[PDB]
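Since the structure comes first, as structure tokens, the remarks are kept for the end.
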Amino acid sequence: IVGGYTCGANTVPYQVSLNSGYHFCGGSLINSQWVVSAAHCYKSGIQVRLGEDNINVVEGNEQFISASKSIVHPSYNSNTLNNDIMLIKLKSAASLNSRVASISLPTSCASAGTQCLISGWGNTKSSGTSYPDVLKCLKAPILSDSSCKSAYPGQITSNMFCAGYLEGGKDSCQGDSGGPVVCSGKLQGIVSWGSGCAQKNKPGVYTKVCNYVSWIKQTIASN
Ligand SMILES: [NH3+]Cc1ccc(F)cc1
Ligand SMILES: [Ca+2]
């Protein structure tokens with residue numbers, strides 16, 4: 001996250017870190033046995049780390065649970081990033097408390113102008129690199145689809161929205177991939193892609209989770 005603030009330990013209790021020997025992507029706990037993330041984060045051998053603040057220090061609230069099954073959206077296109085969403089089932093159910101909690105799925109799509117919380121352990125610099133050990137947070141609005149399509153000509157599908165600042169300076173970034181965009185207590189987006197980070201007129205692009213609620217529900221009912 002570029003231009004954000006330190007969230008505070010366990011103040012984003014649905015935030016997960018996906019680990020394959022190191023943190024490589026964020027994700028969101030949607031019930032005690034399922035995580036949603038970005039399909040471009042797919043990897044074999046994923047361990048899900050819950051209750052994390054410092055990802056390099058064991059602090060007492062962590063739950064490390066291995067994935068038993070991963071399901072990439074049946075129409076994911078890695079070239080255009082359309083349908084960049086994946087579900088991960090945990091080997092055993094997470095123990096839920098104030099610090100490890102699931103986030104609700106939306107029953108409505110959120111509108112442009114809605115303020116949201118984006119969070120992750122990704123890069124904090126627009127030019128150059130520096131990865132935080134503790135979770136970072138950013139409040140950003142959803143942008144109109146016409147300014148989103150004007151920023152990314154011929155690249156935005158109906159399964160994507162832009163959120164952030166056309167002025168730049170504040171944005172998600174590499175390593176924040178797969179992580180949550182929560183608006184009014186509901187998961188509305190998944191950190192997906194963009195042109196670099198915190199650049200002028202290149203806001204973040206997010207998977208539109210409200211389009212996928214019935215694929216998610218029927219997939220977790222059957223697996
Ligand atoms: N600035 C949006 C963005 C998000 C994630 C990423 F991996 C690269 C760019
Ligand atoms: Ca830790």
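Labels used: A, B, ... for chains in the order of the structure tokens, numbers from 1 for residues in each chain, and numbers from 1 for ligands as shown.
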
* strand (DSSP E or B) residues, from DSSP on the backbone, in stretch 54-134 of chain A, as a VMD selection string -> chain A and resid 63 to 72 77 82 86 to 90 104 115 to 120

Residues as selected, N, CA, C and O atoms, written as a short mmCIF file (atom, residue, chain, number, x, y, z; two decimals), in the first residue's frame, can you do that?
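Saved the output as out-v5.cif:
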data_model
loop_
_atom_site.label_atom_id
_atom_site.label_comp_id
_atom_site.auth_asym_id
_atom_site.auth_seq_id
_atom_site.Cartn_x
_atom_site.Cartn_y
_atom_site.Cartn_z
N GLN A 63 -3.13 -18.01 13.31
CA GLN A 63 -3.60 -19.35 12.98
C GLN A 63 -3.02 -19.66 11.61
O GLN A 63 -3.26 -18.93 10.65
N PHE A 64 -2.18 -20.68 11.50
CA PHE A 64 -1.59 -21.10 10.23
C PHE A 64 -2.27 -22.39 9.81
O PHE A 64 -2.21 -23.40 10.52
N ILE A 65 -3.03 -22.33 8.72
CA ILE A 65 -3.83 -23.45 8.24
C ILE A 65 -3.51 -23.70 6.77
O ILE A 65 -3.54 -22.81 5.91
N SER A 66 -3.18 -24.93 6.42
CA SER A 66 -2.90 -25.20 5.02
C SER A 66 -4.13 -25.31 4.09
O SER A 66 -5.26 -25.62 4.48
N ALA A 67 -3.99 -24.93 2.82
CA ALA A 67 -5.09 -25.08 1.89
C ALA A 67 -5.31 -26.56 1.45
O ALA A 67 -4.37 -27.36 1.22
N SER A 68 -6.55 -27.06 1.41
CA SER A 68 -6.76 -28.40 0.88
C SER A 68 -7.21 -28.41 -0.58
O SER A 68 -7.00 -29.38 -1.31
N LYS A 69 -7.83 -27.33 -1.03
CA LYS A 69 -8.30 -27.21 -2.41
C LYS A 69 -8.32 -25.75 -2.86
O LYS A 69 -8.67 -24.84 -2.10
N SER A 70 -7.92 -25.47 -4.08
CA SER A 70 -8.04 -24.13 -4.63
C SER A 70 -8.83 -24.19 -5.91
O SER A 70 -8.74 -25.13 -6.72
N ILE A 71 -9.69 -23.21 -6.13
CA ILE A 71 -10.57 -23.21 -7.27
C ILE A 71 -10.47 -21.88 -7.98
O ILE A 71 -10.90 -20.86 -7.45
N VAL A 72 -9.85 -21.88 -9.16
CA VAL A 72 -9.74 -20.65 -9.92
C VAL A 72 -11.03 -20.50 -10.72
O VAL A 72 -11.61 -21.50 -11.17
N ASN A 77 -9.15 -15.21 -17.32
CA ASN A 77 -8.21 -14.98 -18.42
C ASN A 77 -6.97 -14.21 -17.93
O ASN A 77 -6.99 -13.00 -17.67
N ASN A 82 -9.51 -10.53 -16.73
CA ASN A 82 -10.92 -10.70 -16.48
C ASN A 82 -11.22 -11.98 -15.67
O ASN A 82 -10.70 -13.09 -15.88
N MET A 86 -10.43 -16.27 -7.11
CA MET A 86 -10.17 -17.63 -6.72
C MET A 86 -10.68 -17.92 -5.32
O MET A 86 -10.63 -17.08 -4.45
N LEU A 87 -11.14 -19.12 -5.09
CA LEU A 87 -11.51 -19.61 -3.77
C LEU A 87 -10.52 -20.65 -3.25
O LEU A 87 -10.05 -21.55 -3.95
N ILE A 88 -10.20 -20.57 -1.98
CA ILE A 88 -9.31 -21.50 -1.30
C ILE A 88 -10.01 -22.13 -0.10
O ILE A 88 -10.47 -21.44 0.80
N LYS A 89 -10.11 -23.44 -0.08
CA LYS A 89 -10.68 -24.12 1.08
C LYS A 89 -9.58 -24.53 2.06
O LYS A 89 -8.56 -25.12 1.68
N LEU A 90 -9.78 -24.21 3.34
CA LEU A 90 -8.86 -24.61 4.40
C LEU A 90 -8.98 -26.09 4.78
O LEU A 90 -10.07 -26.67 4.72
N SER A 104 -18.53 -10.28 5.34
CA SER A 104 -19.71 -10.51 4.51
C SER A 104 -19.58 -10.26 3.05
O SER A 104 -18.98 -9.28 2.64
N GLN A 115 -16.83 5.21 -0.13
CA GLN A 115 -15.51 5.13 0.49
C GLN A 115 -15.26 3.71 0.98
O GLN A 115 -16.13 3.06 1.56
N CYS A 116 -14.06 3.22 0.74
CA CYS A 116 -13.70 1.85 1.08
C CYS A 116 -12.34 1.72 1.76
O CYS A 116 -11.52 2.63 1.73
N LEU A 117 -12.09 0.59 2.43
CA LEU A 117 -10.82 0.26 3.06
C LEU A 117 -10.11 -0.86 2.29
O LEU A 117 -10.63 -1.98 2.16
N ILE A 118 -8.94 -0.49 1.77
CA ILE A 118 -8.04 -1.43 1.10
C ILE A 118 -6.86 -1.69 2.02
O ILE A 118 -6.30 -0.76 2.62
N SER A 119 -6.45 -2.95 2.18
CA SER A 119 -5.36 -3.25 3.11
C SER A 119 -4.42 -4.33 2.63
O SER A 119 -4.77 -5.18 1.81
N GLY A 120 -3.16 -4.30 3.04
CA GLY A 120 -2.23 -5.37 2.67
C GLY A 120 -0.80 -5.09 3.12
O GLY A 120 -0.44 -3.99 3.58
#

* Asked: Got a sec to check which residues lie within 7 Å of ligand 2, using only C-alpha atoms and all ligand atoms, and send them as a list in words?
  ->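 Result of the 7 Å neighbour search around ligand 2: residues 52, 53, 54, 55, 56, 57, 58, 59 and 62 of chain A.
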
Could those residues be written to a file, using C-alpha atoms, as a short mmCIF file (atom, residue, chain, number, x, y, z; two decimals), in the first residue's frame?
data_model
loop_
_atom_site.label_atom_id
_atom_site.label_comp_id
_atom_site.auth_asym_id
_atom_site.auth_seq_id
_atom_site.Cartn_x
_atom_site.Cartn_y
_atom_site.Cartn_z
CA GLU A 52 -1.48 -11.62 11.36
CA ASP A 53 -0.10 -8.17 12.00
CA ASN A 54 3.72 -8.45 11.84
CA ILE A 55 4.19 -11.23 9.25
CA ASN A 56 7.80 -11.75 10.39
CA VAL A 57 7.01 -12.06 14.12
CA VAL A 58 4.86 -14.56 15.92
CA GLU A 59 2.83 -12.31 18.17
CA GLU A 62 -1.98 -16.30 14.47
#

* Asked: Rounded to one decimal in Å, what is the spacing between atom CA of residue A:103 and atom CA of residue A:46?
  -> 20.7 Å

* To do: Please extract the residues at most 7 Å from ligand 1, counting only C-alpha atoms and all ligand atoms, and provide them as JSON, numbers by chain, using the chain letters and residue numbers of this document.
  => {"A": [171, 172, 173, 174, 175, 176, 177, 191, 192, 193, 194, 195, 196, 197, 198, 203, 204, 205]}

Considering only C-alpha atoms, give me a table of residues in stretch 105-188 of chain A that are at most 8 Å from stretch 2-15 of chain A, with the closest atom pair and distance in Å for each, as CSV.
residue,atom,partner,partner_atom,distance
A:119,CA,A:15,CA,7.8
A:120,CA,A:15,CA,7.8
A:123,CA,A:2,CA,6.8
A:124,CA,A:2,CA,4.2
A:125,CA,A:2,CA,5.6
A:126,CA,A:2,CA,6.6
A:134,CA,A:6,CA,7.2
A:135,CA,A:7,CA,5.9
A:136,CA,A:6,CA,4.6
A:137,CA,A:7,CA,5.2
A:138,CA,A:4,CA,4.7
A:139,CA,A:4,CA,7.8
A:169,CA,A:3,CA,6.0
A:170,CA,A:3,CA,4.5
A:171,CA,A:2,CA,5.2
A:172,CA,A:2,CA,6.1
A:173,CA,A:2,CA,6.9
A:179,CA,A:15,CA,7.2
A:180,CA,A:15,CA,7.1

* Go through A:207, A:94, A:186, A:133 and flag the residue nearest residue A:40, using only C-alpha atoms for the distances. =>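 Looking at the shortest contact to residue A:40, the residue is A:207.
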
* Asked: Contacts of residue A:209 at 9 Å or less, counting only C-alpha atoms, minus same-chain residues fewer than 6 places along, as a list in words?
  ->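 Returned residues: residues 85, 105, 106, 109, 159, 160, 187, 188, 189 and 190 of chain A.
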
Using only C-alpha atoms, which residues of stretch 93-138 of chain A come within 12 Å of stretch 144-149 of chain A, and what is the closest atom pair for each, with the distance in Å to one decimal? Give it as JSON lines, sorted by chain and residue number.
{"residue": "A:110", "atom": "CA", "partner": "A:144", "partner_atom": "CA", "distance": 10.9}
{"residue": "A:111", "atom": "CA", "partner": "A:144", "partner_atom": "CA", "distance": 8.0}
{"residue": "A:112", "atom": "CA", "partner": "A:144", "partner_atom": "CA", "distance": 4.9}
{"residue": "A:113", "atom": "CA", "partner": "A:144", "partner_atom": "CA", "distance": 7.5}
{"residue": "A:114", "atom": "CA", "partner": "A:144", "partner_atom": "CA", "distance": 10.2}

* Could you pull out all residues of stretch 9-217 of chain A with a DSSP call of helix (DSSP H, G or I) and give them as a list in words? ->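 Secondary structure check on stretch 9-217 of chain A, helix (DSSP H, G or I): residues 39, 40, 41, 145, 146, 147, 148, 149, 150, 151, 209, 210, 211, 212, 213, 214, 215, 216 and 217 of chain A.
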
Could you save those same residues with N, CA, C and O atoms as a CSV table (one decimal), in the first residue's frame?
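In the end it all went to part.csv:
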chain,number,residue,atom,x,y,z
A,39,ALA,N,-7.2,-14.8,-8.7
A,39,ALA,CA,-6.8,-16.0,-9.5
A,39,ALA,C,-5.3,-15.9,-9.9
A,39,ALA,O,-4.6,-16.8,-10.0
A,40,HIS,N,-4.8,-14.7,-10.2
A,40,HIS,CA,-3.4,-14.5,-10.5
A,40,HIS,C,-2.5,-14.8,-9.3
A,40,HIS,O,-1.3,-14.8,-9.5
A,41,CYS,N,-3.0,-14.9,-8.1
A,41,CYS,CA,-2.2,-15.4,-7.0
A,41,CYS,C,-2.1,-16.9,-6.9
A,41,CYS,O,-1.4,-17.3,-6.0
A,145,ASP,N,-17.3,4.5,-13.6
A,145,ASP,CA,-16.8,3.7,-14.7
A,145,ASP,C,-16.3,4.4,-15.9
A,145,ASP,O,-15.4,4.0,-16.6
A,146,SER,N,-16.8,5.7,-16.1
A,146,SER,CA,-16.3,6.4,-17.3
A,146,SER,C,-14.9,7.0,-17.0
A,146,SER,O,-14.1,7.0,-17.9
A,147,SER,N,-14.6,7.4,-15.7
A,147,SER,CA,-13.2,7.8,-15.5
A,147,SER,C,-12.3,6.6,-15.4
A,147,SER,O,-11.1,6.6,-15.8
A,148,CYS,N,-12.8,5.4,-14.9
A,148,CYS,CA,-12.1,4.1,-15.0
A,148,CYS,C,-11.7,3.7,-16.4
A,148,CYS,O,-10.6,3.4,-16.8
A,149,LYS,N,-12.7,3.7,-17.4
A,149,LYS,CA,-12.5,3.4,-18.8
A,149,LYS,C,-11.6,4.5,-19.5
A,149,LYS,O,-10.9,4.1,-20.5
A,150,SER,N,-11.7,5.7,-19.1
A,150,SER,CA,-10.8,6.8,-19.6
A,150,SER,C,-9.4,6.6,-19.2
A,150,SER,O,-8.4,7.0,-19.9
A,151,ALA,N,-9.1,6.1,-18.0
A,151,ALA,CA,-7.8,5.8,-17.5
A,151,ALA,C,-7.2,4.6,-18.2
A,151,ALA,O,-6.0,4.5,-18.4
A,209,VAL,N,-16.6,-8.1,-6.9
A,209,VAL,CA,-17.0,-9.3,-6.2
A,209,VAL,C,-18.5,-9.5,-6.3
A,209,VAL,O,-19.0,-10.6,-6.3
A,210,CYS,N,-19.4,-8.4,-6.3
A,210,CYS,CA,-20.8,-8.6,-6.4
A,210,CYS,C,-21.3,-9.4,-7.6
A,210,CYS,O,-22.3,-10.1,-7.5
A,211,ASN,N,-20.5,-9.4,-8.7
A,211,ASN,CA,-20.8,-10.2,-9.9
A,211,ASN,C,-20.7,-11.7,-9.6
A,211,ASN,O,-21.1,-12.5,-10.4
A,212,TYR,N,-20.0,-12.1,-8.6
A,212,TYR,CA,-19.6,-13.5,-8.4
A,212,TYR,C,-20.2,-14.2,-7.2
A,212,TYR,O,-19.8,-15.3,-6.9
A,213,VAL,N,-21.1,-13.5,-6.5
A,213,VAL,CA,-21.7,-14.0,-5.3
A,213,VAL,C,-22.4,-15.3,-5.5
A,213,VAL,O,-22.3,-16.3,-4.7
A,214,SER,N,-23.2,-15.5,-6.6
A,214,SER,CA,-23.8,-16.8,-6.8
A,214,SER,C,-22.8,-17.9,-7.2
A,214,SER,O,-23.0,-19.0,-6.7
A,215,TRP,N,-21.7,-17.7,-8.0
A,215,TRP,CA,-20.7,-18.7,-8.2
A,215,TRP,C,-20.0,-19.1,-6.9
A,215,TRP,O,-19.8,-20.2,-6.6
A,216,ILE,N,-19.6,-18.1,-6.0
A,216,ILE,CA,-19.0,-18.4,-4.7
A,216,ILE,C,-19.9,-19.2,-3.8
A,216,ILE,O,-19.5,-20.2,-3.3
A,217,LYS,N,-21.2,-18.8,-3.7
A,217,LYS,CA,-22.1,-19.6,-2.8
A,217,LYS,C,-22.3,-21.0,-3.3
A,217,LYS,O,-22.2,-21.9,-2.5

So that I can check the surroundings of residue A:166, please list as an mmCIF file with C-alpha atoms, in the first residue's frame every protein, DNA and RNA residue that reaches within 7 Å of it, counting only C-alpha atoms and ignoring chain neighbours fewer than 2 positions away.
data_model
loop_
_atom_site.group_PDB
_atom_site.id
_atom_site.type_symbol
_atom_site.label_atom_id
_atom_site.label_comp_id
_atom_site.auth_asym_id
_atom_site.auth_seq_id
_atom_site.Cartn_x
_atom_site.Cartn_y
_atom_site.Cartn_z
ATOM 1 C CA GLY A 164 -8.464 5.381 -5.641
ATOM 2 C CA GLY A 168 -2.023 9.502 -7.584
ATOM 3 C CA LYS A 200 -1.194 10.071 -11.818
ATOM 4 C CA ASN A 201 -4.291 8.916 -13.748
ATOM 5 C CA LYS A 202 -3.522 5.248 -13.239
ATOM 6 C CA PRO A 203 -5.739 4.203 -10.259
#

Leaving out residue A:19 and any residue of its chain fewer than 2 positions from it, which residues lie within 6 Å of it when counting only C-alpha atoms, given as a PDB file with N, CA and C atoms, in the first residue's frame?
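New file out.pdb:
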ATOM      1  N   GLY A  21       6.215 -20.121   1.934  1.00  0.00           N
ATOM      2  CA  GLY A  21       7.589 -19.933   2.432  1.00  0.00           C
ATOM      3  C   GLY A  21       7.952 -18.468   2.688  1.00  0.00           C
ATOM      4  N   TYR A  22       7.078 -17.615   2.164  1.00  0.00           N
ATOM      5  CA  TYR A  22       7.122 -16.158   2.239  1.00  0.00           C
ATOM      6  C   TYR A  22       5.703 -15.609   1.916  1.00  0.00           C
ATOM      7  N   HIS A  23       5.326 -14.414   2.386  1.00  0.00           N
ATOM      8  CA  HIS A  23       4.082 -13.758   1.967  1.00  0.00           C
ATOM      9  C   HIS A  23       4.122 -13.464   0.470  1.00  0.00           C
ATOM     10  N   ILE A  46      -0.036 -23.667  -0.835  1.00  0.00           N
ATOM     11  CA  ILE A  46      -0.418 -22.447  -0.102  1.00  0.00           C
ATOM     12  C   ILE A  46      -0.758 -22.707   1.380  1.00  0.00           C
ATOM     13  N   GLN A  47      -0.073 -22.023   2.276  1.00  0.00           N
ATOM     14  CA  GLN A  47      -0.504 -22.030   3.652  1.00  0.00           C
ATOM     15  C   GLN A  47      -1.192 -20.684   3.926  1.00  0.00           C
TER      16      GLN A  47
END
